[PDB]
């Protein structure tokens, strides 16, 4: 009737210098992901994650319909990556779009290993979607 459910997402990325021929253009390997915290299963409320890569990549609309929600790639530059997390929700909101700063380690700096923790607050979710948030390890507030 009246209640808020909070769930947690973790977006992150790893990047390092690629050990390859001088004549291979891509300097870096990187990996971007969405996950839950330890012993939460976001798959209960996440229908899919869509990573929107730079237009220069082949098939830059990358869909993960189940875990792991991640893209592994090679490249030569950082970019801003739209990341859409779609919900198993019959009403609004149906999804959330993050603007992810995919930056590389440049000038012989250590590997990048970044995490961005997002808190989602669902006000007054339906019965069915409430159960999914709770199954995923969501918590109620009051």
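Positions refer to the first chain, counted from 1. Take the two forms, superpose them, and find the largest set of C-alpha atoms that agree within 1.5 Å; that set is the rigid core.
Between stretches 19-27 and 6-14, the one whose Cα atoms sit farther from the displayed model in 6 other deposited structures of this protein on average is 19-27 (core-aligned, root mean square).
Farther from the shown form on average, by C-alpha root mean square after a core fit in 6 other deposited structures of this protein, is 112-120, of the stretches 44-52 and 112-120.
Higher mean CA temperature factor between 103-111 and 28-36: 103-111, per the PDB entry.
Just going by the entry, 15-23 versus 120-128 on mean CA temperature factor gives the higher value to 15-23. Taking only the listed residues 70, 90, 95, 48, the entry reports the highest CA temperature factor at 90. Ranked within its chain, residue 59 lands in the highest third, by CA B factor from the PDB record.
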